[PDB]
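Asker: Just so we're aligned, residue 1382 is where the sequence shown starts under our numbering, counting upward by one. Below are the structure tokens for one structure; questions will follow.
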Amino acid sequence: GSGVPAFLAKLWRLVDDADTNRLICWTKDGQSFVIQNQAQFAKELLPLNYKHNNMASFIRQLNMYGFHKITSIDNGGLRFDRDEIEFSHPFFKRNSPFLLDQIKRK
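Here it is as structure tokens:
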């Protein structure tokens, strides 16, 4: 708040909530988040939020806020629920109520 745009703030409740207890959740404890199902995670969460629905558009935007998914990169990545699109961001954890007010468009 006091700065956190309505963008990251949404990633706070979105990742939480119950209806989204499968399309997106916290990784293990609370280091970041992941979206195993990248399908319904688009035409069922972006419209009631960003309105648009383009998927690669949401991820293409993550590259602007500063993200680094450790997956899909000149390496095998076929179906495998163990490397699910994991987004790592040392500035989007639970505690430390000062990370949100730091990530911005470059």
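All residues carry an ideal CB built from backbone N, CA and C; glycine is no exception.
Which stretch, first to last residue, makes up the alpha helix (DSSP H) that contains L1392?
Answerer: For the purposes of this step, residue 1392 is taken as the residue at position 11 of the sequence shown. Note, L1392: alpha helix (DSSP H), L1389 to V1396.
Asker: What residues in its chain sit with their C-beta under 8 Å from that of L1389, if we drop five residues either side in the sequence?
Answerer: In the sequence shown, counting from the first residue as 1, residue 1389 sits at position 8. Result list for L1389: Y1446, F1473, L1481 and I1484, in chain order.
Asker: On the DSSP letters alone, give me the boundaries of the alpha helix (DSSP H) that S1438 sits inside.
Answerer: Taking the sequence shown and counting its residues from 1, one reaches residue 1438 at position 57. Its alpha helix (DSSP H) spans residues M1436 to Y1446.
Asker: Would you report the Cα separation of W1407 and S1477, rounded to the nearest angstrom?
Answerer: For the purposes of this step, residue 1407 is taken as residue 26 along the sequence shown, with counting starting at 1. For the purposes of this step, residue 1477 is taken as residue 96 along the sequence shown, with counting starting at 1. Roughly 16 Å between the two C-alpha positions.
Asker: Which of the three DSSP states, helix, strand or coil, is assigned to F1468?
Answerer: Position 87 of the sequence shown holds residue 1468. Three-state DSSP puts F1468 in a strand.
Asker: For a quick check, are the C-beta atoms of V1396 and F1422 less than 7 Å apart?
Answerer: On the sequence shown, residue 1396 is found 15 positions in, with the first residue counted as 1. On the sequence shown, residue 1422 is found 41 positions in, with the first residue counted as 1. Not a contact, by the Cβ cut-off of 7 Å.
Asker: Taking the alpha-carbon of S1469 as reference, which of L1459, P1386 and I1416 has the nearest alpha-carbon?
Answerer: Mapped onto the sequence shown, residue 1469 falls at position 88. Measuring from the Cα of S1469, the nearest candidate turns out to be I1416.
Asker: Roughly how many angstroms separate the alpha carbons of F1461 and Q1412, rounded to a whole number?
Answerer: Translated into positions along the sequence shown, residue 1461 becomes position 80. Translated into positions along the sequence shown, residue 1412 becomes position 31. Going from the Cα of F1461 to the Cα of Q1412 covers about 21 Å.
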